[PDB]
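Chemist: This is the structure I have questions about; it appears just below.
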Amino acid sequence: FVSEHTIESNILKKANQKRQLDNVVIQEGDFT
Amino acid sequence: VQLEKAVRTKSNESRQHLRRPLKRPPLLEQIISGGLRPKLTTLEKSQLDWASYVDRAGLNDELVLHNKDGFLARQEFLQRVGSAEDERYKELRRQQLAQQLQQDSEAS
Amino acid sequence: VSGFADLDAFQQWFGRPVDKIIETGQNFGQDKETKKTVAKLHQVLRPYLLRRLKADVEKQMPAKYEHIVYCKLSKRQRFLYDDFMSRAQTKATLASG
C-alpha cells in the first residue's frame with residue numbers, strides 16, 4: 001500500500017534500487 | 001636576455017579550443033544525476049511533489065484556510081496553558097517555602 | 001596473527017570502488033574496472049560462501065506476483081499532512097528550536 005503524491009512513494013523508490021543491487025552482486029554457487 | 005625574450009615571444013596559446021566537457025551540469029545534475037535527486041533528503045522532494053499536487057488539484061485555498069485555523073495551533077495553546085499553570089504552581093511552591101523558612105528563622 | 005583484513009584495510013581491497021560503481025549502476029554496464037573489483041570480491045568470498053536461489057528448486061514452486069495498490073488521501077488527513085509538512089518545511093529550512 002503506497003499513497004500517491006506522498007512521501008511514502010519516495011521511500012519505496014529507495015528500496016527497489018537496493019533490491020536490484022543484490023541482483024548484480026551475488027554470483028556464487030557451483031563454480032565451473 | 002635573448003633567451004628570455006625568445007621565450008616571451010611565443011606563438012600564443014592555440015591548443016585548447018575552449019574545452020568544457022560537463023563539470024558540472026547546471027540544473028540536470030542537481031535534479032537528476034543520477035537517480036534519487038542527488039542529496040534529495042526526501043523532505044524537499046516531498047515539498048516539490050506536494051506543491052505540484054496541490055497546485056494542479058486546486059486545493060490551495062481551503063488548505064490555507066484550515067491551516068489558518070490549524071491543528072498544531074491547538075497544541076501550542078494547550079502547551080501555553082500547561083506552562084502557565086506550571087509557573088503558577090512553581091510560584092506557590094516558592095512562596096510557601098519562603099514562608100516556612102521565615103517562620104523557622106523567627107522561631108529559632 | 002591470522003587476521004583476515006582490517007576494516008580499514010578492506011577499503012583498499014574493493015570496498016569504496018564497490019559502493020562507488022554499484023550505487024552508480026547506470027554506468028555499471030561499462031564493466032572495465034568494475035569487473036576487476038567484482039571478480040576480486042568473488043574470488044575472496046568463494047572459500048567461505050554458499051548461496052542457492054529458487055532456481056535449484058523450481059519443478060513445483062508457485063511464483064510471486066508483485067502488485068502495487070494506490071490509495072488516495074482523506075480530507076482531514078490531508079489537512080493534517082499539509083499542516084505538518086508546511087510547518088516542517090518552514091522550520092527545518094531555517095532557524096528552529
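Chemist: So if I place +1 on the C-beta of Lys and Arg and -1 on the C-beta of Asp and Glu, and nothing else carries charge, what would the dipole magnitude of the protein assembly as shown be about its Cα centre? I want it in debye, nearest 20.
Modeler: Computed about the Cα centre, the dipole is about 1340 debye.
Chemist: Ok, one more. So, counting K/R as plus one and D/E as minus one, what does the shell of residues with Cβ under 13 Å around B:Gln100 add up to?
Modeler: Here the charged neighbours net out to 0.
Chemist: If you count, for every residue in B:62-68, the Cβ atoms of partner chains within 10 Å of its Cβ, what is the mean?
Modeler: That works out to 4 on average.
Chemist: Sticking with this one: Just to verify a number: FRET efficiency for B:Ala51 and B:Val1, C-beta to C-beta distance, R0 = 45 Å, to 0.05?
Modeler: Efficiency computed from Cβ-Cβ geometry: 0.05.
Chemist: Here's a follow-up. Treating cross-link reach as a plain straight distance, find the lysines whose alpha-carbon is under 28 Å from the alpha-carbon of B:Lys10, omitting any fewer than eight places away in the same chain.
Modeler: none
Chemist: Sticking with this one: Mind checking which of B:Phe71, B:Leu59, B:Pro25 is farthest towards the positive end of chain B's charge dipole, using Cβ charges of +1 (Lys, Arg) and -1 (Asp, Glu) about the Cα centre?
Modeler: B:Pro25
Chemist: Counting partner chain Cβ atoms within 10 Å of every residue's Cβ in C:83-92, what's the average?
Modeler: The per-residue average across the peptide is 4.
Chemist: If you place +1 on the Cβ of every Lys and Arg and -1 on the Cβ of every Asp and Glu, how big does the dipole about the Cα centre of chain C come out, in debye to the nearest 20?
Modeler: Taking the Cα centre of chain C as origin, the dipole is about 380 debye.
Chemist: Further question on the same structure: Would you work out the charge dipole size for the range B:1-58 about its Cα centre, treating the Cβ of every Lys and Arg as +1 and the Cβ of every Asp and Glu as -1, and quote it to the nearest 20 debye?
Modeler: Rounded to the nearest 20 debye, it is 460 debye.
Chemist: Mean-square fluctuation check for chain C, GNM, Cα pairs under 10 Å: which of C:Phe28, C:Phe79, C:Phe14 is largest?
Modeler: It is C:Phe79.
Chemist: Could you please rank C:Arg52, B:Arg37, placing first whichever residue has the fewest other Cβ atoms within 10 Å of its Cβ?
Modeler: Starting with the residue having the fewest Cβ neighbours, the order is C:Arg52, B:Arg37.
Chemist: Over 21 Å between C-alpha atoms is what I'm after, so list which of C:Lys32/C:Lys54; A:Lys14/B:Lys45; B:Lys39/C:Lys20 land there.
Modeler: In this structure, C:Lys32/C:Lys54 exceed 21 Å between Cα atoms.
Chemist: Please arrange B:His17, A:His5 by how many other C-beta atoms lie within 10 Å of their C-beta, fewest to most.
Modeler: Least to most surrounded, the residues fall as B:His17, A:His5.
Chemist: Right, something else. Of the options C:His67, C:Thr93, C:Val57, report the single residue whose Cα projects farthest towards the positive end of the charge dipole of chain C (beta-carbon charges: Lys, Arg +1; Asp, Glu -1).
Modeler: C:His67
Chemist: As a footprinting exposure proxy, order C:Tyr70, C:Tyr48 by other Cβ within 10 Å, with the fewest listed first.
Modeler: C:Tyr48, C:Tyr70
Chemist: Next up: Go through the range B:35-51 residue by residue and turn each phi into a ³J(HN,Hα) via Karplus (6.51, -1.76, 1.60, θ = phi - 60°); whole Hz please, and just put x for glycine and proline.
Modeler: Result, rounded to whole Hz: x, 6, 6, x, 6, 5, 6, 2, 3, 7, 4, 4, 4, 4, 4, 5, 4.
Chemist: Evaluate peptide C:13-26: per residue, the Cβ atoms of other protein chains within 10 Å of its Cβ; return the mean as an integer.
Modeler: 2
Chemist: Along the charge dipole of the range B:45-101, pointing to its positive end and built from +1/-1 on Cβ of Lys, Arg, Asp and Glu, which listed residue (B:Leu101, B:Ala84, B:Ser46) has its Cα farthest out?
Modeler: Positive-end residue among those listed: B:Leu101.
Chemist: Rounded, prolate or oblate: which fits chain C, taking a ≥ b ≥ c as square roots of the Cα gyration tensor eigenvalues, rounded meaning a/c under 1.5, else prolate when a/b beats b/c?
Modeler: Here chain C falls in the oblate category.
Chemist: So for the protein assembly as shown, what percent of the C-alpha to C-alpha distances run longer than 30 Å?
Modeler: 64 percent
Chemist: What are the ³J(HN,Hα) values, in whole Hz, obtained from phi via the Karplus relation 6.51 cos²θ - 1.76 cosθ + 1.60 with θ = phi - 60°, for each residue of the range C:36-51 in sequence order, with x given for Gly and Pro?
Modeler: For the range C:36-51, the Karplus-derived couplings read 5, 5, 5, 5, 4, 5, 4, 5, 6, 9, 4, x, 10, 5, 7, 9 Hz, x marking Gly and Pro.
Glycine also receives a Cβ, built like all others from the backbone with ideal geometry; neighbour counts cover every protein chain displayed. None of the figures in this text is laboratory data; all of them are computed from the coordinates on show.
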